[PDB]
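Coordinates in review
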Amino acid sequence: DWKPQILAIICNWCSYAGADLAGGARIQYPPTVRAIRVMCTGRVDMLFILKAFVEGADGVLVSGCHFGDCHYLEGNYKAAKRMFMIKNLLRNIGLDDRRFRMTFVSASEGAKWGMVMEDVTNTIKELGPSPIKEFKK
Amino acid sequence: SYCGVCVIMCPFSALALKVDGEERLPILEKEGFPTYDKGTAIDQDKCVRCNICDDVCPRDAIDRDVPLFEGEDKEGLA
Amino acid sequence: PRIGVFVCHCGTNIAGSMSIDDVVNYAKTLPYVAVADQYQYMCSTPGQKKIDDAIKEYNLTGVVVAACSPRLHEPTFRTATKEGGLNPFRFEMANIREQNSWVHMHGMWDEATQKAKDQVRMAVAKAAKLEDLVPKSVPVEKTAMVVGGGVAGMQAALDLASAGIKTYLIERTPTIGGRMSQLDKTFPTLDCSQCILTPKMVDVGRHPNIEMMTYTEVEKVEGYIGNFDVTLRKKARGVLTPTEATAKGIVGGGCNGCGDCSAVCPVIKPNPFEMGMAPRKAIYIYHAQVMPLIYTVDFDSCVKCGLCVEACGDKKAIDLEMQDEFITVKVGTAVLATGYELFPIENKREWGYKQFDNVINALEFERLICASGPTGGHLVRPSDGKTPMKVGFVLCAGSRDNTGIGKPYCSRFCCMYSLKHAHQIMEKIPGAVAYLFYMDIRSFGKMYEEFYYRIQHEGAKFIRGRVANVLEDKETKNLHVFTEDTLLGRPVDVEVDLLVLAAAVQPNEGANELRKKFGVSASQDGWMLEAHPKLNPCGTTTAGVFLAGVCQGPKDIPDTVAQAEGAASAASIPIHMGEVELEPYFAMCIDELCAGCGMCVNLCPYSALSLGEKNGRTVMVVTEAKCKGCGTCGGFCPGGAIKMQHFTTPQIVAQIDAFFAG
Amino acid sequence: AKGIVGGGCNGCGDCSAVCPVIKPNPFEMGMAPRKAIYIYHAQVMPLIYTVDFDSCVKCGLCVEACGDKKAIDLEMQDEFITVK
Ligand SMILES: Cc1cc2nc3c(=O)[nH]c(=O)nc-3n(C[C@H](O)[C@H](O)[C@H](O)COP(=O)(O)OP(=O)(O)OC[C@H]3O[C@@H](n4cnc5c(N)ncnc54)[C@H](O)[C@@H]3O)c2cc1C
Ligand code: SF4
Ligand code: SF4
Ligand code: SF4
Ligand code: SF4
Ligand code: SF4
Ligand code: SF4
Ligand code: SF4
Ligand code: SF4
Ligand code: SF4
Ligand code: SF4
Ligand code: FES
């Protein structure tokens, strides 16, 4: 009756390329994550993550370039600081902060993208349904 | 070119086209070629099971499905 | 809004993983969708015709194509959307092939179908909120810059100049030419390497469209495809060219290259052109065939004795108090041609490079064998100056090595140049024998295999074994090379008079600094990265910057020149047009929502944001040319006063909302 | 240009669906069949369906399949053009 709802927000220049490379190489993984594709992860506002979690994302993933490998010289440092602060907010509002993570996937790491997909799915399955969906009523 | 025109236009069918393993004529399947009107027929309300037509036939193309009576064999009926 | 959804089968690549019929029916029942339809190859001419007919018939506002990746087919379907009466940017893709089919092929079909329905829903939600953009066209300055004065830089500069574009040629060293100027003879044609370069050096020095700036570096670069504001450091050469002397007022001239200055200079230092084997004064030229024959002064080693100025006399070319001058130049495109250096092979201690006298590397051997080198072209042993009679060549020295000391790649030309050096010794010293300790002879180019055949015919010994270690005889200084003859099947101990290491090559010194100034990334190997490894080996991901030569990866002089001319052509494409279109992803400030806090200003790596006066209120101002569309500022601004043109917050939030719609 | 308003070849494939001649495909190094009227593969840039005149038997089924598009001219000859 329950299937995890995981949302990914992946940059165009390394994480979308890595997911595309995994697909091209035919690396299988479970069909639980759906992606959004912004240009950089610097674009990811905090309110995007919080909006996802309040609509009912059982998990949220944000994937971007490695440090020093952003297409736009430093846009993922901003995203990293923002996601550290988001981890702190979710812990202090009492939602489980491991529902959220930020992975750094390069353009050539299709295998690592597959492993990230598998691990995110496993972690959210262990965690269970998000509590917001029943706390709203 | 495996068109099969030779198979359609040979008067005594001694040429056949088999595409995969079956006698198959795509040009007829698409109706791209006329065929010969030999127009054969034997009005069975006039034929009398005679034996002349099978006897005079230069090739082997007449079937006489008649029980074989005491002539040359055991009685077809009697 | 009225959206059309067109679902490609990709010729069973997608229909063999999901139910395209079900996806299409779901798209039909989706809100805002006017028409939903499918085709086998939406990237083909009937597919574009299908899109255009649907647009005309159903009066479509936007188009959603459920197909392969946007990185693969945005231009195709944007042009298909334009041809049909829409804006190109009323279009959005739903990647249901490389992120649904190819990853959910096996044993899971209704799950892939549900994922496809979700992706189509999110794409439709975004496209129902996209609106019209027009790409920005920016003018292109009609100059070009070439950093590097090697063969690849000189070829690119000559190509651009003869195409008519004014070109700057920046070289850090006092002369152009590069490594090929150090080469003695060239494989496989055995032509005098320096001689072939000399006409082309003269062409570069005489071309009116080339601004040859030797002994100069690139301090900083800012700008974009349109205008690159490049600041150059004109290092204090210490000597004036005739033009500069006349400008400063000395009628008698500047430097004519007589040599009296270096005849009287008392300082003596190693010559970097001769890899240190040869002396040169404090005021010097590398070799007698340098293109600007202008006699740099080495200020780190000059003692300001003033003898040089007395020798120069009325020419008055020497200014011992000269300082680093800075110049700012505006250019349209840039070509990077930084070349390479030899990997430090003293780290491989088993081959006693620095510790045994008679172990040298291949550029030192090339200078020793050249007739213009420290010797009279006579190869002699460094230990005692005697002529060798047995010479060993250690191929793969520091290459195809996964131990962390050497390089894991092949340096491409080291098998060929070792064959050349074996030939040169066997023909220059009568009775000398060349031993090549090899592990995969790689003679792949045109006439290379024939060159290999000819060297074996002249009688070089080929021992298939990587050298294990080298011991030096204590008295004769001879070198005992220990390896196994893998084909013979026995260990060997070959005693040679001279050992030559075919060392790996690595990016030049400072190349990473320069490519970070220009915004270029690096490869796995450490060389500069190209836009697409197959179909675009010259351009980089940053627009207006192009690669040429060994700086992108090791190559022979033929391949280097082909790459250099390719880069010159790519750099000429936007200059000849004079226009270039930027992608309309810019940030646009909504002024009557900006509060003027100024906090976003420091979040732009490109300094596109600033605080300015509009209607008395202090609001933020975007230099739309400098913006690159990253979105950092617009993801920061708390009040939502920054709009990202094709990835607006309402659009992204509509995608999120559509994902959670059930 | 020749006057047929309805168009020329749109790459529908009906012609090769009805052609009865079958010959090896040089694009597939001979492993695969292709009719007398054909394209090498589905991703050819001019999707215009050449006729192989060395192997066509001029049965005329292709023109009936093409219909009002009238893209097939079985009597076409080698035209010569001079370009400077
Ligand atoms: C021992 C040896 C023998 C060889 N023999 C042959 C042969 O026989 N035949 C053959 O075809 N190939 C041969 N090669 C390969 C050949 O040298 C290269 O293919 C060729 O030199 C590549 O030239 P390039 O212009 O790309 O680089 P380079 O020749 O290295 O030129 C780069 C230039 O850029 C300058 N530069 C570097 N960094 C900067 C900077 N930041 N700013 C400004 N200027 C900068 C350098 O000073 C240099 O002048 C040999 C190589 C070696 C090592
Ligand atoms: S007529 Fe018969 S032999 Fe001639 S091309 Fe057709 S099938 Fe072949
Ligand atoms: S000849 Fe043949 S068809 Fe005619 S009557 Fe006799 S059996 Fe019948
Ligand atoms: S658009 Fe993409 S999915 Fe569709 S046929 Fe072309 S390559 Fe295949
Ligand atoms: S003496 Fe003066 S003119 Fe002659 S080479 Fe030296 S600097 Fe140049
Ligand atoms: S000032 Fe003296 S040390 Fe310096 S270049 Fe002139 S002669 Fe040599
Ligand atoms: S080119 Fe030859 S010598 Fe150089 S690394 Fe490659 S295999 Fe070794
Ligand atoms: S756009 Fe936002 S961050 Fe920038 S000055 Fe205005 S209010 Fe401040
Ligand atoms: S999106 Fe914002 S931060 Fe990024 S380059 Fe443009 S103005 Fe600067
Ligand atoms: S020739 Fe006619 S039938 Fe054949 S593909 Fe072209 S338009 Fe269709
Ligand atoms: S005319 Fe030629 S191409 Fe057309 S159906 Fe007949 S054999 Fe095939
Ligand atoms: S381009 Fe991917 S994180 Fe910036």
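Residues numbered from 1 in each chain as written, not as in the entry; some residues may be left out. Chains lettered and ligands numbered in written order. Part of a larger assembly, values for the part shown. Heavy atoms only, no water.

Going by the header, the method for this PDB entry is cryo-EM, and the resolution given is 3.5 Å.

Taken together, the residues surrounding ligand 9 are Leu603(C), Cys604(C), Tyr606(C), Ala608(C), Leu609(C), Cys627(C), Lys628(C), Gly629(C), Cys630(C), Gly631(C), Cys633(C) and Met644(C). Residue composition of the shell around ligand 9, by class: nine nonpolar, two polar and one charged. (Near = heavy atom within 4 Å. Nonpolar A, V, L, I, M, F, W, Y, C, P; charged D, E, K, R; others polar.)

Around ligand 8 sit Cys594(C), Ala595(C), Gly596(C), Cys597(C), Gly598(C), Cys600(C), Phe636(C), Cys637(C), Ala641(C) and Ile642(C), and those are all the residues in its vicinity. Residues that form the shell around ligand 8 fall into these classes: eight nonpolar, two polar and no charged.

Our next topic: the packing of aromatic side chains. Counted according to the given criterion, the structure contains 17 aromatic pairs over all chains. Ring pairs connect the aromatic residues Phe67(A), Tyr77(A) and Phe104(A), which therefore count as one cluster. The ring of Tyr606(C) carries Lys628(C) above its face, with NZ or CZ at 4.0 Å from the centroid. A cation over an aromatic ring shows up here: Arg34(D) above the ring of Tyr38(D), its NZ or CZ 4.4 Å from the ring centre. (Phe/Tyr/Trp six-rings, centres within 6.5 Å; stacked < 30°, edge-to-face > 60°. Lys NZ or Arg CZ within 6 Å of the ring centre and 35° of its normal.)

On to the interface of chain A and chain C. Contact residues are listed per partner, giving 43 residues for chain A and 41 residues for chain C. Contact between chain A and chain C buries roughly 3,900 Å² in total, counting both sides, with carbon and sulfur atoms accounting for 61%. Where chain A meets chain C, there are two salt bridges. In this structure, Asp118(C) and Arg34(A) form a salt bridge, with 2.8 Å as the shortest nitrogen-oxygen distance. Along the contact surface separating chain A from chain C lie 14 residue pairs in polar contact. Counting residues per element, the ones that place at least two in the side of chain A that touches chain C are β1 (6-10), α1 (15-24), β2 (33-35), α2 (46-55) and α3 (75-92) of chain A. (Contact = heavy atoms within 4.5 Å. Buried area = accessible area lost by both parts, 1.4 Å probe. Salt bridge = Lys/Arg side-chain N within 4 Å of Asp/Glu carboxyl O. Polar contact = N/O pair within 3.5 Å; in protein donor to acceptor, adjacent residues only side chain to side chain. Helix = DSSP H or I, 4+ residues; strand = E, 2+ residues; numbered from the N terminus.)

What follows concerns unusual backbone geometry. Among all residues except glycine, the phi angle is most often negative; among peptide bonds, the trans geometry is most common. Residue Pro188(C) follows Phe187(C) across a cis peptide bond; omega there is -15°. Positionally, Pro188(C) belongs in the loop between β8 (185-186) and β9 (191-192). Backbone geometry at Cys396(C) places phi at a positive 75°, although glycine is not the residue there. In this fold, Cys396(C) is placed in strand β21 (residues 390-397). Since its relative accessible area comes to 10%, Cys396(C) is described here as buried. For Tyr49(D), which is not a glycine, the phi torsion comes out positive at approximately 60°. For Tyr49(D), the location among the structural elements is in the loop between β3 (37-38) and β4 (50-51). (Buried < 20%, exposed > 50% of the residue type's maximum accessible area, 1.4 Å probe, protein only.)

For the rest of this paragraph, the subject is the nonpolar core. Counting 86 residues, the largest nonpolar core has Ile9(A) and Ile49(A) as its most contacted members. Looking at this core element by element, the count peaks at eight residues for helix α6 (residues 151-163) of chain C. In contact with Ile49(A), not counting residues within four places along its chain, are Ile9(A), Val44(A), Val60(A), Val62(A), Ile86(A) and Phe100(A). Membership of the second largest hydrophobic core comes to 42 residues, among which are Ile369(C), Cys415(C), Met416(C) and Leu498(C). (Core = buried A, V, L, I, M, F, W, Y, C linked by side-chain atoms within 4.5 Å.)

The next thing to look at is the side chain of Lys555(C). All names here are of chain C. Mapped onto the elements of the fold, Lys555 is located in the loop between β29 (545-547) and α15 (557-577). For the buried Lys555, no salt bridge exists, and the shortest N-O distance to an oppositely charged side chain is 7.6 Å, to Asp559. Reaching out from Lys555, the side chain makes a polar contact with the side chain of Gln552 at a distance of 3.2 Å. Only 2.8 Å separates the side chain of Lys555 from the backbone oxygen of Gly553, close enough to count as a polar contact. Beyond its immediate sequence surroundings of up to four residues, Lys555 is in contact with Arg412, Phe413, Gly549, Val550 and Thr560. (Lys, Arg positive; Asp, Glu negative; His and termini not counted.)

Facing 10 residues of chain D, the contacting portion of chain B comprises eight residues. Interface area for chain D against chain B, summed over the two sides, is near 730 Å², with a carbon-plus-sulfur share of 69%. On the surface where chain D and chain B come into contact, there are zero salt bridges. For the pair chain D and chain B, the number of links is one residue pair in polar contact. Within the residue set of the side of chain D that touches chain B, elements represented by two or more residues are α1 (14-18) and β1 (22-24) of chain D. Among the residues forming the side of chain D that touches chain B, the class breakdown is eight nonpolar, one polar and one charged.

Turning our attention to the pattern of salt bridges. Residue and element names in this part refer to chain C. One pass over the full model with this rule turns up 34 salt bridges over all chains. Between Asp324 and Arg233 there is a salt bridge, and its shortest N-O distance comes to 3.3 Å. A residue pair is termed long-range when its members are at least 10 positions apart, and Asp324 in the loop between α10 (307-312) and β17 (325-331) and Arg233 in strand β12 (residues 228-234) qualify at 91 residues. We classify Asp324 as partly exposed; its relative accessible area is 35%.

Before going further, it helps to spend a moment on the UniProt feature "binding site: [2Fe-2S] cluster" (unreviewed entry) in chain A. UniProt's feature table lists "binding site: [2Fe-2S] cluster" (unreviewed entry) at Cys11(A), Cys40(A), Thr41(A), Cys65(A), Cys70(A) and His71(A), given in the numbering used throughout. Spanning 61 residues, the named residues form one tight spatial group whose C-alpha atoms are at most 10.2 Å apart. Assignment of secondary structure puts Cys40(A) in the loop between β2 and α2. Once you skip the residues sitting within four places of it in the chain, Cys40(A) turns out to touch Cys11(A), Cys70(A), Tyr72(A), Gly75(A), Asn76(A) and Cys630(C). Residue position: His71(A) is located in the loop between β3 (59-64) and α3. A residue is classified by how much of its surface remains accessible, and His71(A), at 27% relative accessible area, is partly exposed. Apart from the residues within four sequence positions on either side, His71(A) is in contact with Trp13(A), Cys65(A), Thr541(C) and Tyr606(C). (UniProt positions renumbered as here; feature names shortened; annotations may be inferred.)

Okay, the sheet that holds strand β22 (residues 433-438) of chain C next. All names here are of chain C. The sheet built from five strands is open, its strands ordered β20-β27-β21-β22-β23 with parallel pairing. The open sheet is flanked by β20 (359-361) and β23 (461-464), the only strands paired with a single partner. Taking the axes of each pair of neighbouring strands and ignoring which way they run, one obtains an average angle of 25° across the sheet. Against the sheet, helix α11 (residues 362-369) touches β20 and β27 (498-503), its axis set at about 90° to β20. Along the sheet, helix α12 (residues 414-428) contacts β21, β22, β23 and β27; its crossing angle with β22, the most-contacted strand, is approximately 165°. (Pairing = 2+ DSSP bridges. Axes fitted to C-alpha atoms, helices over the stretch in contact; angles between N-to-C directions.)

Before going further, it helps to examine the UniProt feature "binding site: FAD" (unreviewed entry) in chain C. Residues and elements named next belong to chain C. Residues given the UniProt feature "binding site: FAD" (unreviewed entry) here are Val151, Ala152, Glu171, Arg179, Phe187, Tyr340, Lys420, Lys534, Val550, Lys555 and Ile557. Spatial dispersion of the annotated residues is evident: they stretch over 407 residues in sequence, and the largest pairwise C-alpha distance comes to 30.6 Å. Structurally, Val151 is set in helix α6. Once residues lying within four places of it in the same chain are set aside, the contact partners of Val151 are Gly177, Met180, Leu197, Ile557, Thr560 and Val561. Take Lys420: its relative accessible area is 2%, and that puts it in the buried class. With near-sequence residues (within four places) excluded, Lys420 lies in contact with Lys185, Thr186, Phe187, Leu190, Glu366 and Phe451.

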